């Protein structure tokens, strides 16, 4: 019987920037392809700066741990706007950073920016090492731009 909703405006509003789903998909697929080429089996995830996972892809033959790991890696990379390889080394002086929920301070995640600000993280997991995971995440990032 009743209605209707309020419309905000002016300085009550601000805008944020994101990858399109199409771009995030393009990036994630590029990571898998690079891994599949090298005979690796990986899961890939793209997480928005807002915390939401935009894309996930579970590779054929990938380990059952790789899916969530890739997700947490992307989340970690976009949160601090840095490769998870780098972030893992801050734990020497700031070891309780890993106690932050949703994070995995392990190589395989790398950020993507727009106007110098992080908009997404691309996470990979499943390769024999996180550094190799990250190589594929970079390959994922590299189709974006340029």
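Residue numbers count along the first chain shown, from 1.
Looking at mean Cα B-factors across 53-61 and 85-93, the upper value is held by 85-93. As the entry records it, the average C-alpha temperature factor is higher for 34-42, out of 34-42 and 74-82. In the deposited entry, the Cα temperature factor of residue 108 places it in the lowest third of its chain's modelled residues. The entry lists a Cα temperature factor for residue 15 that places it in the highest third of the chain's modelled residues.
The entry lists a Cα temperature factor for residue 99 that places it in the highest third of the chain's modelled residues.
Per the deposited record, the Cα B-factor of residue 114 falls in the highest third when ranked against the other modelled residues of its chain.
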